[PDB]
Amino acid sequence: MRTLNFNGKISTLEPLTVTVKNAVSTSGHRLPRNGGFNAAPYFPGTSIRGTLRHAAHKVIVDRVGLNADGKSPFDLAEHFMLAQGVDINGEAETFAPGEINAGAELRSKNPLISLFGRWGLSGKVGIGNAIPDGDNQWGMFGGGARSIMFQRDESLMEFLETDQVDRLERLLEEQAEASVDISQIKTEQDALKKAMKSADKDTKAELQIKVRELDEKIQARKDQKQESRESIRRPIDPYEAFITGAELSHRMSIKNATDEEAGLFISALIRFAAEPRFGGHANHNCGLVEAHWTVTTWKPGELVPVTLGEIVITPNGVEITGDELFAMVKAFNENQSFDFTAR
Amino acid sequence: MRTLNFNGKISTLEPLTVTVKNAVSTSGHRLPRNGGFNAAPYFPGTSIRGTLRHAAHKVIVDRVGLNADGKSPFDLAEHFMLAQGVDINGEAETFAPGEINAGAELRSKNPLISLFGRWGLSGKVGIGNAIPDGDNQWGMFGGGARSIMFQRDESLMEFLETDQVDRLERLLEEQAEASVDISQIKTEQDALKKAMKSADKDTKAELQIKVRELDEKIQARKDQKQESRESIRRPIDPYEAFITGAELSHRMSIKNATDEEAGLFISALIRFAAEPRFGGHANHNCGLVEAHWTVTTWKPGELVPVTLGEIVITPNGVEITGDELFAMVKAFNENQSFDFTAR
Amino acid sequence: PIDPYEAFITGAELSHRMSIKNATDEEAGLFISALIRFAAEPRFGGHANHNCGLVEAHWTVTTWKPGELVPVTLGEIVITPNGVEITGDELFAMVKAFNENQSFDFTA
Amino acid sequence: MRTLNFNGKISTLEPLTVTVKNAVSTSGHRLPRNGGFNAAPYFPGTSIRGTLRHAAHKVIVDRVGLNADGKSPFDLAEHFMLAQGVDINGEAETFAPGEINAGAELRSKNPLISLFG
Amino acid sequence: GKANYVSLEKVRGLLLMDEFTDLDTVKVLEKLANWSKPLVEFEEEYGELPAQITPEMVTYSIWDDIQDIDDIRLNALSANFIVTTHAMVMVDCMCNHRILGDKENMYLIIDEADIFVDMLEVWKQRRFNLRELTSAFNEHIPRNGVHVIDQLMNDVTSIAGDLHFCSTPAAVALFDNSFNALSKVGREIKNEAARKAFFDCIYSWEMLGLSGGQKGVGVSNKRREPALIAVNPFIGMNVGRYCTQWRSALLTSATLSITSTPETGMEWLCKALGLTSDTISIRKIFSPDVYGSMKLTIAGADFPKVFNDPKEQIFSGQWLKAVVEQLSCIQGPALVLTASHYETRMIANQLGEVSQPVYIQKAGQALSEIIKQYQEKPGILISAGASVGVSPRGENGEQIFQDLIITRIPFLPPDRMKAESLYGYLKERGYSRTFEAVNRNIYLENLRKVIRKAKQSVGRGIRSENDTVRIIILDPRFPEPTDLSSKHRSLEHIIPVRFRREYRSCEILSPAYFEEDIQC
RNA sequence: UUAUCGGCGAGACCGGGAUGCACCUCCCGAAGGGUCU
DNA sequence: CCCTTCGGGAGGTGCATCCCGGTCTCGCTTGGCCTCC
DNA sequence: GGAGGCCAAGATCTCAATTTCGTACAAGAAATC
């Protein structure tokens, strides 16, 4: 029952990005910020924790084994319990407050829930935010523009029948006319968005409703396009991401980690190393990271912690130093007493 | 259903350039910077992804085959779906529940769409950025100046009739007069913007609409010119590109790739190797690449990857190493059960 | 869509004032031991799922001169992830006094 | 409809120079460097492309032939479109609907413009 | 400080140099030729002694190790006390007593310790003088590589400019690039033993920088030689050790107090010198109960912003106009103390040649000439950061300026590499604080340096108990008396405690609208 | 400081799609020469 | 010892998405009922 | 048969919505390790 603090750095192999609804606004896509507009962006601990929770869920699914076709014995409710801590049945044993050793049995028989918690059950694993090292190290990646395939290379046009060529003609004319009309409507809307600043709350209200009905006018204009609802040619808004090679200091804790639970966590890190992807924009290979963690335990009452070992995740492999981490992984792997199935 | 990581280097046989809207500014064509303004530039993974996606689309078009006239069976909507993933008919719903399990069959029957996703279907292929290895590996190329043909070479004057030499004289005099006009108005505009520097925030907007007045007057002195709209003689601003022989580290992932999807990806790599052109500036032969990739796989739960083989693209040929890459390519070639005319 | 929670930024320097009133060596020793055990898991507040609350704090332990209104610095308690650095011989004396004096009867 | 790659070497019978406007620091005429001050200078593809485009223009006018006085049938706008690539009368627009699928026929009729765009 | 006294040989040079021009008083020359006495005392006492006192040639040359430095040092080893420049106390730092000798016998009074620390932050440097390294390896010289060294030598001067240390992003980037471009030269030294010595030297330089602390670009104080600066953390502990080494050292200064309370205003120096609780024997603030009179006018929170776009350092025209008119509204001799020399240039240019003729501190201009010139003819003296404390004393020890005008608070520019490199220090030394935390710490340290510098500026005002100064702080960011929550509230500590009542009752040029709000 | 004391907490991957590209010759003018076993 | 050249002309346009889905609680006593001492 | 513990029931209700931005330099002395 040790408190393992994984202190380490997440070097970035391909840009690390995340779209969090709070941070992003109409100004564009912005990384979650360390308390302010002019703040260092941080990769949320939420995304890392969810990625690691799904990695651990896959570890448990593979450990419990797969049937002949490949289906796990777990039902849908159990998978949601393990991966997101949500009980869809509602049969999950709610621990009425004041219950001594709340979930000690569930923790013992469900290492994954013990680590990542549940509703009313504290998750031993705390996955902190990954803050960058050094100024800069973030930038507007992605970007560019979707382009009409046939207006970039004419060789793709030899593959189209005459009717399809006229279909493309109609699509482009429709896109042009819709763009002109929507741009006029958006210029009026932008005049209103300037007019906001004289925000007399009543005029603010009427102006906002005017922007709403202008938006509905835009939507109706785009709904009367027979061929293409959406403009094919359009600039892709850039997304803010941590640059490649960015060093992000990361701290994780497993409070009161049994050897089994910490072994499960290390196995989850091992399986995450297979696809070490954090965040989104994975179509641009965003999220690949190599991370090295120093595992330090701290026997309460002792002035200094002792380093159990080190977990290094790189594209060439997972290097685990320290016999302690190996012993924990083996203890997790050699215990048959995990009834991951719901009670 | 294994993850394939193509980790490797792109050597630039000719300068490699791209024009991202956000990256570029009033200065001119500039590569994205991989972070702040002065950060080391990177080639967008979006350009690489689009090039390989169109290569794969052409691969699928050739594999399905062309009718006698040379047309492809795919509808225009199907072409856009395969190569750009835009549903022109607008029948692609983002979170329709009923397509939750139709994704697996759609991927199985449409390997390209599984590889390169669409709006609502995650793309198994993530094409990362190409980042240069060394420093000072980029530069401004393409700097030029369009020059009057008949002033560089006088032998082209004997080919023009009297009325056409008089046309060239009227054009030259309109260009010299236009030039003097636009040059005096831009030489007042630049000092007006060199006064906007020390500007009261309010006065920013007034000097801004003064700038837009001067711009409208430049555009009306251009709309006044009869002979020519744009002056023939002019310096072409250079664009920023990676130097010839630049080594750019590249990282591409196919998450949980079936044999046939990875085979389609390798076929796309081969067909891109037929024309190894990335980015733009097809004039000046920019974009030509010689790329070599080490395909590594990582069974989840294993501590090390296994190098399946290497994909070397050189101007002299495409070398495939490893029995597994050949097996995947052959599996893709021999799987006749793919349907792309239906999303 | 998970609602955000308002927290203090990572690496926020928060001024903290703690005090023990007139102190037998044993009470101050117990407090310093409590700080030494809190340094094992230096967590303040909730949202521990996101590792929230992890702090490192340097406390300058001042006392009042007998009679005079002036603070004399007896030592420093630097709790960090690398360890707890108790500074000052007097703080060690308080901790030792608490460790000894085993006549405490916490029951009732 | 094949992609032809001419890969090869230029041997320099007499010194090869080019005054790229960006390249020439007012300090002195410097050949356009392949990135930074100290890289290997290259001859721009722009100058070679312009030379070959004017050569193709001369090929086209000679193949069309000249009148008895020795005047090309083309007009000034046609010459400028052929070699300089610039439209005098402004009849050149990008991504304009309706010229779509006029590229195939235009290229077939005008191999020079197809080549050099 | 030495190097500014009789050099023996240069005083036989003086024989020749004077006979060309000072022939009339050549006899007094030989009187100097024999008594090898410190020139400094010499002039002031012997009636005026202007004949042959031109300093330029009387001083040591660059290589003037003539062993007389020992002789005066041995002569001065005896004393009741030693008035002198700071140099010895850090010049014998690691000489191990080869200059001063006995230490425990000696006591140390570091007068003006505020400037001591402030320039210690410069002395935390080792000048990697490429000319010296060029000169050092004059036999194992890969002369082809000298161009690289020469190109870098140009770049340092471009980034360092006129600064001995400069915190622009270029400086650390040039530091890394220069050492990488010197690692290129590293594979050019022919002699393998010299090659390894060079490699080890740059490796020691490479680790000294990256392992911890700050890198930068230097222009040497003397001879204006470009150099590549980086931290000497060892010297950082050494200064503490070497000041504790003295039997009982005393750091005293007129502006060594951020706030009027010792036990919170003294932690900048405690932490800077790493000084722990061991050696904090007293922390006392002593101010005169009555000393001169101070009237305060401070620019209210409506006075236009100083910098419209501070990144390029453009002074907003509204602010320049307001400052210039306010200065023109003065009616007596004044000492306008700006922060930068560019602000002096702008004020002088825009100032429409008002009466009481103006006097400007040209960049680099020694303050002695201008101050003496202004003493005779009084008037507006637009000094700058080059004020270097001292005093604009009237000739017969009387206040010849009534109005001390601080155009703008001398805010230090952001150090985006000091924060980054210090973050590197804390990261590699294991301390876990994020980069923004180091940015905040550096900001607070710089703001405390600004508080000390502005305290020095206000201290220029009153020097004699009869002095009356009307201080005009034209910065909008100086906290208003009513704004107790203002961001830069610590700047209120600039005013001495005794004159805080007139600070509270101060005329505001451009105050900010108050009202009679019924909910009082 | 009109009394004494009270951690608010536990769970959640926001992700999914797009080539920004399409045209330009920067050229035109020149002797660096004479001077000494 | 000469003496460092003038200039010319700096773009035209496109297009800026669709959509989810926003929680439990609990600050009190009390008896009815269900199991243990 | 009495004494612990778990769980359901009990009256309606009281209230309020920010809208990012720090800081922009000078030189004291020098036998430097």
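Residue numbers (the authors' numbering), protein chains in the order written: chain B, 1 to 343; chain C, 1 to 343; chain A, 235 to 342; chain D, 1 to 117; chain M, 105 to 624.
Even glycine gets a Cβ: it sits at the ideal position worked out from N, Cα and C.
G126(C) sits away from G117(C), with the two beta carbons spaced by 8 Å or more. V20(B) carries a coil assignment under DSSP once its states are collapsed to helix, strand and coil. The region 189-205 of chain B makes no contact with the region 48-65 of chain C: fewer than 3 CB pairs, one atom from each, lie closer than 8 Å. Contact check for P408(M) and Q422(M): beta-carbon distance about 4 Å, within the 8 Å limit, so the pair qualifies.
Interface criterion met: the Cβ of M157(B) is under 8 Å from a Cβ in chain D. Counting along the chain, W309(M) sits inside the alpha helix (DSSP H) bounded by residues 296-315. The region 133-142 of chain C makes no contact with the region 289-301 of chain C: fewer than 3 CB pairs, one atom from each, lie closer than 8 Å. The closest CA to that of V312(A), considering only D621(M), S536(M), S594(M), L578(M), is found on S536(M).
A residue is called buried when at least 16 other Cβ atoms come within 10 angstroms of its Cβ; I10(D) does not meet this threshold and is exposed. Residue range 445-454 is occupied by the alpha helix (DSSP H) that includes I451(M). Just so you know, the alpha carbons of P15(C) and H29(C) end up roughly 14 Å apart. Cβ neighbours of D237(C) within its own chain (closer than 6 Å, five residues either side excluded): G28. Distances from the alpha-carbon of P276(B) to those of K193(B), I266(B), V289(B), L214(B) put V289(B) closest. Not a single CB atom of chain B sits nearer than 8 Å to the CB of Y307(M). In the three-state reduction of the DSSP assignment, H57(D) falls in the helix class.
Cβ atoms of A77(B) and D87(B) come within 8 Å of each other, at about 7 Å. By the neighbour-count criterion, in which a residue is buried when 16 or more other Cβ atoms sit within 10 angstroms of its Cβ, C433(M) is exposed. With fewer than 16 other Cβ atoms inside 10 Å of its own Cβ, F340(A) counts as exposed.
The three-state secondary structure of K466(M), taken from DSSP, is coil. Just measuring C-alpha positions, the residue of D406(M), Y478(M), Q318(M) sitting nearest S525(M) is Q318(M). Residue pairing by DSSP places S122(B) in no beta bridge whatsoever. Interface flag for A541(M) against chain A is set, since a Cβ pair is found closer than 8 Å. Taking all protein chains in view, the Cβ of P305(B) is crowded by 16 or more other Cβ atoms within 10 Å, so the residue is classified as buried. Residue range 201-224 is occupied by the alpha helix (DSSP H) that includes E216(C), with no beta strand (DSSP E) assigned at that position.
In this structure, the alpha-carbon of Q460(M) lies about 16 Å from that of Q503(M). Taking C-beta separations shorter than 8 Å and ignoring five residues to either side along the sequence, the partners of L156(B) in its chain run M149, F150, following chain order.
At least one CB of chain M lies nearer than 8 Å to the CB of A199(C).
Interface annotation, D339(C): not in contact with chain D, CB-CB separation never under 8 Å.
Among the CB atoms of chain M, one or more fall inside 8 Å of the CB of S249(B). Excluding its 5 nearest sequence neighbours in each direction, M210(M) has C-beta neighbours in its own chain below 8 Å: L204, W350, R351, listed in chain order. For the region 278-299 of chain A, the residues whose beta carbon sits under 9 Å from a beta carbon of chain B are, in order, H281, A282, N283, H284, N285, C286, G287, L288. Assignment of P132(C) by DSSP, reduced to helix, strand and coil, places it in the strand class. For the region 109-144 of chain M, there is no continuous beta strand (DSSP E) assignment of 3+ residues that stays within its boundaries. Shortest Cα-Cα distance from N316(A) to any of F6(B), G128(B), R152(B), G45(B) involves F6(B). Identification of chain D residues near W119(C) by a Cβ-Cβ cut-off of 9 Å yields none; the smallest Cβ-Cβ distance measures about 23 Å. With respect to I254(C), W138(C) sits apart: the two C-beta atoms are not nearer than 8 Å.
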